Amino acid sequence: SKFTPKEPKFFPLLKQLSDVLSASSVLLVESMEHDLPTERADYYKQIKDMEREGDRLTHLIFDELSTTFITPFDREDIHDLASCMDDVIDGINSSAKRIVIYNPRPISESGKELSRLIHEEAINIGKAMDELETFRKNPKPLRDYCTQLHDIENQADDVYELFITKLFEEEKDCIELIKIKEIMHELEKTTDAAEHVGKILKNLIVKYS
């Protein structure tokens, strides 16, 4: 009998989870360029497949954490990165779901912009995951990705706030107002969830400083 090392690849799993997030964000942006129910259902089904894969990967990370004593940085942060990235994926899925069930009129430029900001956050998150092996030597690149996520969330919240303010001043059809309010709310929660990933990363830098 001999010693056989465990190969929990926490970094590759976090990178794969980030890849799913980015793929999901691309699908959401594309979906909003289509207005009919059949096409919206197709995008939702594709996003749901990404959601199932993200959930699988997230649970694999948690299961590897629960059974491995040695981790590259503190286990709470690994757990939290995984859970928060999965929350973004779930927000993207919920947004697609709502578009299908509410069947709003063609999504305005503001909804489309929230989708583009979610994708920009996903790109920043993916680049941040490439820094997990080296932030202890040089935290600057990671730090800057965190600042960018913060800035994107400020822009997203403004887009959302201005849209809702105007929606309530202008839209007299209460049923259409409800539809788009619920979709837009899910989109803004998603952009906020993505910023929380940045917040975990920022504080990871602090803990190891």
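For every residue, the number given is its place in the sequence shown, counted from 1.
Novice: Comparing 179-187 with 141-149, which has the greater mean CA B-factor as deposited?
Specialist: According to the PDB entry, the answer is 141-149.
Novice: Per the record, averaged over C-alpha atoms, which has the higher B-factor: 81-89 or 67-75?
Specialist: Per the PDB entry, the higher value belongs to 67-75.
Novice: Can you tell me which of 35, 158, 169, 42 has the maximum CA B-factor listed in the PDB entry?
Specialist: 35 has the highest C-alpha B-factor of those listed.
Novice: Grab the CA temperature factor for residue 57 from the record and place it in the lowest, middle or highest third of its chain.
Specialist: Its C-alpha B-factor belongs to the middle third of this chain's values.
Novice: Rank-wise, by C-alpha B-factor, drop residue 100 into the lowest, middle or highest third of its chain.
Specialist: CA B-factor rank for residue 100: lowest third.
Novice: Test of reading the entry: by CA B factor among the chain's modelled residues, which third contains residue 115?
Specialist: It falls in the bottom third of the chain.
Novice: Grab the CA temperature factor for residue 107 from the record and place it in the lowest, middle or highest third of its chain.
Specialist: Middle third by C-alpha B-factor.
Novice: Lowest, middle or highest third: which one holds residue 129 when the chain's residues are ordered by CA B-factor from the entry?
Specialist: Highest third of the chain for residue 129's C-alpha B-factor.
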